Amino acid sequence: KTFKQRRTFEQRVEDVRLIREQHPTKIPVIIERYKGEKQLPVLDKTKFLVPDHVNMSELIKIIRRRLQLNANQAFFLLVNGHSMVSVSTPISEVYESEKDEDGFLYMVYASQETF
């Protein structure tokens, strides 16, 4: 069902190594809906190549646009399992501290802060 379940650790590692070789300026991000989540839609895909200069505040703007949300729909984003301390951090810096051992940056969204 989830990305980690669909691909072996070996497979996730090799895919990140390909993104490094073919899209060296991009951050490999997994973005998944919370398994509880009722309100917000599912995305058209799971694996995203994010430009390494965008900060977390702009990535939230991007995901809201991709989900085609309106002004009063609530949106919460967990990174590597927990809340973001800051949305002003460049994703290149967030990646280096919050990346998984497979080399993806894992994110989960919901309409409640209570995930």
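We call the rigid core whatever largest set of C-alpha positions still superposes within 1.5 Å between the two forms. So that there is no doubt, residue numbering starts at 1 and follows the sequence shown.
TODO: Return whichever of 56-64 or 74-82 has the larger RMS Cα deviation from the displayed form in 9 other deposited structures of this protein, where every structure is aligned on the rigid core.
DONE: The more displaced stretch in 9 other deposited structures of this protein turns out to be 74-82.
Open item on the list: Per the record, averaged over C-alpha atoms, which has the higher B-factor: 32-40 or 54-62?
Closed with: For C-alpha atoms only, the mean B-factor is higher in 32-40.
TODO: Could you settle it for me: does 65-73 or 22-30 have the higher average Cα B factor in the PDB entry?
DONE: The recorded data point to 65-73.
Task: Among modelled residues of the same chain, the CA temperature factor third for residue 80 - done: Residue 80: CA B-factor falls in the lowest third of its chain.
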